[PDB]
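Pasting final_23.csv here (CSV, N, CA, C and O atoms):
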```csv
chain,number,residue,atom,x,y,z
O,1,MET,N,-16.1,-21.4,-16.1
O,1,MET,CA,-17.5,-20.9,-16.4
O,1,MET,C,-17.6,-19.4,-16.0
O,1,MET,O,-17.9,-18.6,-16.8
O,2,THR,N,-17.4,-19.1,-14.7
O,2,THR,CA,-17.4,-17.7,-14.3
O,2,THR,C,-16.0,-17.2,-14.5
O,2,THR,O,-15.0,-17.8,-14.1
O,3,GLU,N,-15.9,-16.0,-15.0
O,3,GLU,CA,-14.7,-15.4,-15.3
O,3,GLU,C,-14.3,-14.5,-14.1
O,3,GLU,O,-15.1,-13.6,-13.8
O,4,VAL,N,-13.2,-14.7,-13.6
O,4,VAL,CA,-12.7,-13.9,-12.6
O,4,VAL,C,-11.3,-13.4,-12.9
O,4,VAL,O,-10.5,-14.1,-13.5
O,5,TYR,N,-11.0,-12.2,-12.6
O,5,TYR,CA,-9.7,-11.6,-12.9
O,5,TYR,C,-9.1,-11.0,-11.6
O,5,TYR,O,-9.8,-10.5,-10.7
O,6,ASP,N,-7.8,-11.2,-11.5
O,6,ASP,CA,-7.1,-10.8,-10.3
O,6,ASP,C,-6.4,-9.5,-10.5
O,6,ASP,O,-5.8,-9.2,-11.5
O,7,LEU,N,-6.6,-8.6,-9.5
O,7,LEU,CA,-6.1,-7.2,-9.6
O,7,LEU,C,-5.3,-6.8,-8.5
O,7,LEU,O,-5.4,-7.3,-7.4
O,8,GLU,N,-4.5,-5.8,-8.7
O,8,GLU,CA,-3.8,-5.0,-7.7
O,8,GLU,C,-4.5,-3.6,-7.7
O,8,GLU,O,-4.4,-3.0,-8.8
O,9,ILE,N,-5.1,-3.3,-6.7
O,9,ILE,CA,-5.8,-2.0,-6.6
O,9,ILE,C,-4.9,-1.0,-6.0
O,9,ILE,O,-4.3,-1.2,-4.9
O,10,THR,N,-4.8,0.2,-6.5
O,10,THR,CA,-4.2,1.3,-6.0
O,10,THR,C,-5.2,2.5,-6.0
O,10,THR,O,-6.2,2.5,-6.7
O,11,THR,N,-4.9,3.4,-5.2
O,11,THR,CA,-5.7,4.6,-5.1
O,11,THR,C,-4.8,5.7,-4.7
O,11,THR,O,-3.6,5.5,-4.3
O,12,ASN,N,-5.2,6.8,-4.9
O,12,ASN,CA,-4.4,8.0,-4.6
O,12,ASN,C,-4.6,8.3,-3.1
O,12,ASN,O,-3.7,8.8,-2.5
O,13,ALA,N,-5.8,8.0,-2.6
O,13,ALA,CA,-6.1,8.3,-1.2
O,13,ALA,C,-5.4,7.3,-0.3
O,13,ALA,O,-5.1,7.6,0.9
O,14,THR,N,-5.2,6.1,-0.7
O,14,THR,CA,-4.6,5.1,0.0
O,14,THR,C,-3.2,4.8,-0.5
O,14,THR,O,-2.9,5.0,-1.7
O,15,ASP,N,-2.3,4.5,0.4
O,15,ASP,CA,-0.9,4.2,0.0
O,15,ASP,C,-0.6,2.7,0.2
O,15,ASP,O,0.5,2.2,0.2
O,16,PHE,N,-1.7,2.0,0.3
O,16,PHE,CA,-1.7,0.5,0.4
O,16,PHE,C,-2.3,-0.2,-0.7
O,16,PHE,O,-3.5,-0.1,-0.9
O,17,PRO,N,-1.5,-0.8,-1.6
O,17,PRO,CA,-2.0,-1.6,-2.7
O,17,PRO,C,-2.8,-2.8,-2.2
O,17,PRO,O,-2.4,-3.5,-1.3
O,18,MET,N,-3.9,-3.1,-2.8
O,18,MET,CA,-4.7,-4.2,-2.4
O,18,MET,C,-4.9,-5.2,-3.5
O,18,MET,O,-5.4,-4.9,-4.6
O,19,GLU,N,-4.5,-6.4,-3.2
O,19,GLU,CA,-4.7,-7.4,-4.3
O,19,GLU,C,-5.9,-8.2,-4.0
O,19,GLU,O,-6.2,-8.7,-2.9
O,20,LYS,N,-6.8,-8.3,-5.0
O,20,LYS,CA,-8.0,-9.1,-4.8
O,20,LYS,C,-8.5,-9.5,-6.2
O,20,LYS,O,-8.2,-8.9,-7.2
O,21,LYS,N,-9.2,-10.6,-6.2
O,21,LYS,CA,-9.7,-11.2,-7.4
O,21,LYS,C,-11.2,-10.8,-7.5
O,21,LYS,O,-11.9,-10.8,-6.4
O,22,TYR,N,-11.7,-10.5,-8.6
O,22,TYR,CA,-13.1,-10.0,-8.8
O,22,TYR,C,-13.7,-10.7,-10.0
O,22,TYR,O,-12.9,-11.3,-10.8
O,23,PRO,N,-15.0,-10.7,-10.2
O,23,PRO,CA,-15.6,-11.3,-11.4
O,23,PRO,C,-15.5,-10.4,-12.6
O,23,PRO,O,-15.9,-9.2,-12.5
O,24,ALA,N,-15.0,-10.9,-13.7
O,24,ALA,CA,-14.9,-10.2,-14.9
O,24,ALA,C,-16.2,-10.0,-15.6
O,24,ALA,O,-16.3,-9.2,-16.5
O,25,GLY,N,-17.1,-10.8,-15.2
O,25,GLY,CA,-18.4,-10.8,-15.8
O,25,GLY,C,-19.3,-9.7,-15.3
O,25,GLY,O,-20.4,-9.5,-15.8
O,26,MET,N,-18.8,-9.1,-14.2
O,26,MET,CA,-19.6,-8.0,-13.7
O,26,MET,C,-19.2,-6.6,-14.3
O,26,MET,O,-18.2,-6.6,-15.1
O,27,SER,N,-19.9,-5.6,-14.1
O,27,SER,CA,-19.6,-4.2,-14.6
O,27,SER,C,-18.6,-3.5,-13.8
O,27,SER,O,-18.3,-3.8,-12.6
O,28,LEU,N,-17.9,-2.6,-14.4
O,28,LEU,CA,-16.9,-1.7,-13.8
O,28,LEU,C,-17.6,-1.0,-12.6
O,28,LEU,O,-17.0,-0.7,-11.6
O,29,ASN,N,-18.8,-0.6,-12.8
O,29,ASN,CA,-19.6,0.1,-11.9
O,29,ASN,C,-19.7,-0.6,-10.5
O,29,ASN,O,-19.8,0.0,-9.5
O,30,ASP,N,-19.7,-1.9,-10.5
O,30,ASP,CA,-19.6,-2.7,-9.3
O,30,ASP,C,-18.3,-2.7,-8.7
O,30,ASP,O,-18.1,-2.4,-7.5
O,31,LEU,N,-17.3,-2.9,-9.5
O,31,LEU,CA,-15.9,-2.9,-9.1
O,31,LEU,C,-15.5,-1.5,-8.4
O,31,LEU,O,-14.9,-1.5,-7.4
O,32,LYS,N,-15.9,-0.5,-9.1
O,32,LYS,CA,-15.6,0.8,-8.5
O,32,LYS,C,-16.5,1.1,-7.3
O,32,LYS,O,-16.1,1.8,-6.4
O,33,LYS,N,-17.7,0.5,-7.3
O,33,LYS,CA,-18.6,0.7,-6.1
O,33,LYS,C,-17.9,0.0,-4.9
O,33,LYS,O,-18.1,0.4,-3.7
O,34,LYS,N,-17.3,-1.1,-5.2
O,34,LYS,CA,-16.5,-1.8,-4.2
O,34,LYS,C,-15.4,-0.9,-3.7
O,34,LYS,O,-15.2,-0.8,-2.4
O,35,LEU,N,-14.8,-0.2,-4.6
O,35,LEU,CA,-13.7,0.8,-4.3
O,35,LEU,C,-14.3,2.0,-3.5
O,35,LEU,O,-13.8,2.5,-2.6
O,36,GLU,N,-15.5,2.5,-4.0
O,36,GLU,CA,-16.2,3.6,-3.4
O,36,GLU,C,-16.6,3.3,-2.0
O,36,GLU,O,-16.7,4.2,-1.2
O,37,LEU,N,-16.8,2.0,-1.7
O,37,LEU,CA,-17.1,1.6,-0.3
O,37,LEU,C,-15.9,1.8,0.6
O,37,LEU,O,-16.0,2.2,1.7
O,38,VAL,N,-14.7,1.5,0.1
O,38,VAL,CA,-13.5,1.6,0.8
O,38,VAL,C,-13.0,3.0,0.9
O,38,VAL,O,-12.6,3.5,2.0
O,39,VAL,N,-13.0,3.7,-0.2
O,39,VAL,CA,-12.5,5.1,-0.2
O,39,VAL,C,-13.5,6.1,0.2
O,39,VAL,O,-13.2,7.2,0.7
O,40,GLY,N,-14.8,5.8,0.0
O,40,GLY,CA,-15.8,6.8,0.4
O,40,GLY,C,-16.2,7.8,-0.7
O,40,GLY,O,-17.0,8.7,-0.5
O,41,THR,N,-15.5,7.6,-1.8
O,41,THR,CA,-15.8,8.4,-3.0
O,41,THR,C,-17.1,8.0,-3.7
O,41,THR,O,-17.7,7.0,-3.3
O,42,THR,N,-17.5,8.8,-4.6
O,42,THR,CA,-18.7,8.6,-5.4
O,42,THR,C,-18.3,8.3,-6.9
O,42,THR,O,-17.1,8.5,-7.3
O,43,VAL,N,-19.2,7.9,-7.7
O,43,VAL,CA,-18.9,7.3,-9.1
O,43,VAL,C,-18.2,8.3,-10.0
O,43,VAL,O,-17.2,8.0,-10.6
O,44,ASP,N,-18.7,9.5,-10.1
O,44,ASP,CA,-18.1,10.5,-11.1
O,44,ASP,C,-16.8,11.1,-10.5
O,44,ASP,O,-15.9,11.5,-11.3
O,45,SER,N,-16.7,11.2,-9.2
O,45,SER,CA,-15.6,11.7,-8.6
O,45,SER,C,-14.5,10.8,-8.4
O,45,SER,O,-13.4,11.1,-8.0
O,46,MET,N,-14.7,9.5,-8.7
O,46,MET,CA,-13.7,8.5,-8.6
O,46,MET,C,-13.4,8.0,-10.0
O,46,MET,O,-14.2,7.4,-10.7
O,47,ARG,N,-12.2,8.3,-10.4
O,47,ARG,CA,-11.8,8.0,-11.7
O,47,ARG,C,-10.9,6.7,-11.6
O,47,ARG,O,-10.1,6.6,-10.7
O,48,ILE,N,-11.1,5.9,-12.6
O,48,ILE,CA,-10.3,4.6,-12.6
O,48,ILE,C,-9.4,4.6,-13.8
O,48,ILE,O,-9.8,4.7,-15.0
O,49,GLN,N,-8.1,4.4,-13.5
O,49,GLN,CA,-7.1,4.3,-14.5
O,49,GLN,C,-6.5,2.9,-14.6
O,49,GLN,O,-6.4,2.3,-13.5
O,50,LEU,N,-6.3,2.4,-15.7
O,50,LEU,CA,-5.9,1.1,-15.9
O,50,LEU,C,-4.4,1.0,-16.3
O,50,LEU,O,-4.0,1.5,-17.4
O,51,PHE,N,-3.7,0.3,-15.5
O,51,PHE,CA,-2.3,0.0,-15.8
O,51,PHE,C,-2.2,-1.4,-16.2
O,51,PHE,O,-2.7,-2.3,-15.5
O,52,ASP,N,-1.6,-1.7,-17.4
O,52,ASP,CA,-1.5,-3.0,-17.9
O,52,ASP,C,-0.6,-3.9,-17.1
O,52,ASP,O,0.1,-3.4,-16.2
O,53,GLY,N,-0.7,-5.1,-17.3
O,53,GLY,CA,0.1,-6.1,-16.6
O,53,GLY,C,1.6,-6.0,-16.8
O,53,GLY,O,2.4,-6.4,-16.0
O,54,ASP,N,1.9,-5.4,-18.0
O,54,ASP,CA,3.3,-5.2,-18.4
O,54,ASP,C,3.9,-4.1,-17.6
O,54,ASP,O,4.9,-4.4,-16.8
O,55,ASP,N,3.3,-2.9,-17.6
O,55,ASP,CA,3.8,-1.7,-16.9
O,55,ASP,C,3.0,-0.5,-17.3
O,55,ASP,O,2.5,0.2,-16.4
O,56,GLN,N,2.9,-0.3,-18.6
O,56,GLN,CA,2.3,1.0,-19.1
O,56,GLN,C,0.8,1.2,-18.8
O,56,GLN,O,0.0,0.2,-18.6
O,57,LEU,N,0.4,2.4,-18.8
O,57,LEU,CA,-1.0,2.8,-18.6
O,57,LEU,C,-1.6,2.7,-19.9
O,57,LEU,O,-1.1,3.3,-20.9
O,58,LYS,N,-2.7,2.0,-20.0
O,58,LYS,CA,-3.5,1.8,-21.2
O,58,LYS,C,-4.4,3.0,-21.4
O,58,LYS,O,-4.5,3.5,-22.5
O,59,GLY,N,-5.1,3.3,-20.4
O,59,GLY,CA,-6.0,4.4,-20.5
O,59,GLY,C,-7.0,4.5,-19.3
O,59,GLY,O,-6.6,3.9,-18.2
O,60,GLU,N,-8.1,5.1,-19.5
O,60,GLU,CA,-9.0,5.3,-18.5
O,60,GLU,C,-10.2,4.3,-18.8
O,60,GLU,O,-10.5,4.2,-20.0
O,61,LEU,N,-10.7,3.7,-17.8
O,61,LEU,CA,-11.8,2.8,-18.1
O,61,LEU,C,-13.1,3.6,-18.2
O,61,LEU,O,-13.4,4.1,-19.3
O,62,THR,N,-13.7,3.7,-17.1
O,62,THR,CA,-14.9,4.6,-17.0
O,62,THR,C,-16.2,4.1,-17.6
O,62,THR,O,-17.3,4.7,-17.5
O,63,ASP,N,-16.1,2.9,-18.2
O,63,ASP,CA,-17.2,2.3,-18.9
O,63,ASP,C,-17.7,1.1,-18.0
O,63,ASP,O,-17.0,0.1,-18.0
O,64,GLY,N,-18.8,1.3,-17.4
O,64,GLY,CA,-19.3,0.2,-16.6
O,64,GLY,C,-20.5,-0.3,-17.2
O,64,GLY,O,-21.3,-1.1,-16.5
O,65,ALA,N,-20.8,0.0,-18.4
O,65,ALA,CA,-21.9,-0.4,-19.1
O,65,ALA,C,-21.6,-1.8,-19.7
O,65,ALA,O,-22.5,-2.6,-20.1
O,66,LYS,N,-20.3,-2.1,-19.7
O,66,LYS,CA,-19.8,-3.4,-20.3
O,66,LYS,C,-19.4,-4.2,-19.1
O,66,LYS,O,-19.5,-3.8,-17.9
O,67,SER,N,-18.9,-5.4,-19.4
O,67,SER,CA,-18.4,-6.3,-18.4
O,67,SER,C,-16.9,-6.0,-18.4
O,67,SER,O,-16.3,-5.6,-19.4
O,68,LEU,N,-16.3,-6.3,-17.3
O,68,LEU,CA,-14.9,-6.2,-17.1
O,68,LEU,C,-14.1,-7.1,-18.0
O,68,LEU,O,-12.9,-6.8,-18.4
O,69,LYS,N,-14.7,-8.1,-18.4
O,69,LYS,CA,-14.2,-9.1,-19.4
O,69,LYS,C,-14.2,-8.5,-20.8
O,69,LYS,O,-13.3,-8.5,-21.5
O,70,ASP,N,-15.4,-7.8,-21.1
O,70,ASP,CA,-15.6,-7.2,-22.4
O,70,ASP,C,-14.7,-6.0,-22.6
O,70,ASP,O,-14.2,-5.7,-23.6
O,71,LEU,N,-14.4,-5.4,-21.4
O,71,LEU,CA,-13.5,-4.2,-21.4
O,71,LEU,C,-12.1,-4.7,-21.5
O,71,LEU,O,-11.2,-3.9,-21.8
O,72,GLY,N,-11.9,-6.0,-21.4
O,72,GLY,CA,-10.5,-6.5,-21.5
O,72,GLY,C,-9.6,-6.1,-20.4
O,72,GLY,O,-8.5,-5.7,-20.6
O,73,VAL,N,-10.2,-6.0,-19.1
O,73,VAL,CA,-9.4,-5.6,-18.0
O,73,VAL,C,-8.4,-6.7,-17.6
O,73,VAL,O,-7.2,-6.4,-17.4
O,74,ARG,N,-8.8,-7.9,-17.7
O,74,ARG,CA,-8.0,-9.1,-17.5
O,74,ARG,C,-7.4,-9.2,-16.1
O,74,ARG,O,-7.5,-8.3,-15.3
O,75,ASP,N,-6.7,-10.3,-15.9
O,75,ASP,CA,-6.0,-10.5,-14.6
O,75,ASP,C,-4.6,-10.1,-14.7
O,75,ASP,O,-4.0,-10.0,-15.7
O,76,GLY,N,-4.1,-9.8,-13.5
O,76,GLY,CA,-2.7,-9.4,-13.4
O,76,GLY,C,-2.5,-7.9,-13.7
O,76,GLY,O,-1.4,-7.5,-14.0
O,77,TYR,N,-3.6,-7.2,-13.7
O,77,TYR,CA,-3.6,-5.8,-14.0
O,77,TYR,C,-3.7,-5.0,-12.8
O,77,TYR,O,-4.1,-5.5,-11.7
O,78,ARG,N,-3.3,-3.8,-12.9
O,78,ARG,CA,-3.3,-2.9,-11.8
O,78,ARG,C,-4.3,-1.8,-12.0
O,78,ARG,O,-4.2,-1.1,-13.0
O,79,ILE,N,-5.3,-1.7,-11.1
O,79,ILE,CA,-6.3,-0.7,-11.3
O,79,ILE,C,-6.1,0.4,-10.3
O,79,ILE,O,-6.1,0.2,-9.1
O,80,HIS,N,-5.9,1.5,-10.8
O,80,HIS,CA,-5.7,2.7,-10.0
O,80,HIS,C,-6.9,3.5,-9.9
O,80,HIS,O,-7.4,4.0,-11.0
O,81,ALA,N,-7.4,3.8,-8.8
O,81,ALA,CA,-8.5,4.7,-8.6
O,81,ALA,C,-8.0,6.0,-8.1
O,81,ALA,O,-7.0,6.0,-7.3
O,82,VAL,N,-8.5,7.1,-8.5
O,82,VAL,CA,-8.1,8.3,-8.1
O,82,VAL,C,-9.3,9.2,-7.7
O,82,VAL,O,-10.4,9.2,-8.4
O,83,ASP,N,-9.3,9.8,-6.6
O,83,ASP,CA,-10.3,10.7,-6.1
O,83,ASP,C,-10.1,12.0,-6.7
O,83,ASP,O,-9.1,12.6,-6.4
O,84,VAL,N,-11.1,12.5,-7.4
O,84,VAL,CA,-10.9,13.8,-8.1
O,84,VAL,C,-11.6,14.9,-7.3
O,84,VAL,O,-11.1,16.1,-7.4
O,85,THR,N,-12.5,14.6,-6.4
O,85,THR,CA,-13.3,15.6,-5.7
O,85,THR,C,-12.4,16.3,-4.7
O,85,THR,O,-12.6,17.5,-4.4
O,86,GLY,N,-11.4,15.6,-4.1
O,86,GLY,CA,-10.5,16.2,-3.2
O,86,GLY,C,-9.3,16.9,-3.9
O,86,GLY,O,-8.5,17.5,-3.2
O,87,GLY,N,-9.2,16.8,-5.2
O,87,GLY,CA,-8.2,17.4,-6.0
O,87,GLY,C,-6.9,16.6,-6.0
O,87,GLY,O,-5.9,17.0,-6.7
O,88,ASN,N,-6.8,15.6,-5.2
O,88,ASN,CA,-5.6,14.8,-5.1
O,88,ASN,C,-5.3,14.0,-6.3
O,88,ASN,O,-6.2,13.2,-6.7
O,89,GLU,N,-4.2,14.1,-6.9
O,89,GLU,CA,-3.7,13.2,-8.0
O,89,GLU,C,-2.2,13.1,-7.9
O,89,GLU,O,-1.6,12.4,-8.8
O,90,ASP,N,-1.6,13.7,-6.9
O,90,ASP,CA,-0.2,13.8,-6.7
O,90,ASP,C,0.1,14.2,-5.3
O,90,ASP,O,-0.1,15.4,-5.0
```

Written form, structure tokens:
Amino acid sequence: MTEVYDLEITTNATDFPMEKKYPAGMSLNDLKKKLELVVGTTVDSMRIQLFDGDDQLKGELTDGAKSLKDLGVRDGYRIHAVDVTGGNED
């Protein structure tokens, strides 16, 4: 009934991958707000990159107007957040 997807979260600021399951029926804006809470970053300054379950990077999400399910984020995916305000990306 409720759709939930399991993720491995990475960030540029953190060097610790976090595995957690989240509701796919919710917006990206919530997911990233969850991330914003941990990293301390804000919405525009925090960029979300999606790595597929296979290996490759699919693209950038950035759309939280849809549901994570509609975005096809799915489970077993790795969500990489990057803080852009501090300039860190490498």

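Shell of stretch 19-26 of chain O at 6 Å, with only C-alpha atoms counted and residues fewer than 4 places along the chain excluded, is residues 3, 4, 5, 6, 7, 8, 9, 67, 68 and 69 of chain O.
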
request  = Once DSSP has gone over the backbone, tell me which residues of stretch 2-76 of chain O are in helix (DSSP H, G or I), as number ranges by chain.
outcome  = O: 28-39

request  = Just give me the gap between atom CA of residue O:28 and atom CA of residue O:58 in Å, one decimal is fine.
outcome  = 15.7 Å

task = Pick out the closest residue to residue O:45 from this set: O:14, O:27, O:71, O:33. Count only C-alpha atoms.
result = O:33

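Checking O:57, O:81, O:18, O:1 one by one against residue O:41, counting only C-alpha atoms, you find the shortest gap at O:81.
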
remark   = Using only N, CA, C and O atoms, the residue out of O:15, O:30, O:55, O:89 with shortest distance to residue O:76 is O:55

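The coordinates place atom O of residue O:56 at 25.7 Å from atom O of residue O:85.
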
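Atom CA of residue O:65 sits 22.0 Å away from atom CA of residue O:11.
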
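With distances restricted to all atoms listed in the file, O:46 is the closest residue to residue O:83 from O:40, O:46, O:64, O:53.
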
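Residues in contact with residue O:32 at up to 8 Å, not including ones fewer than 3 positions away on its chain and judged by only C-alpha atoms, are residues 28, 29, 35, 36, 43, 46 and 48 of chain O.
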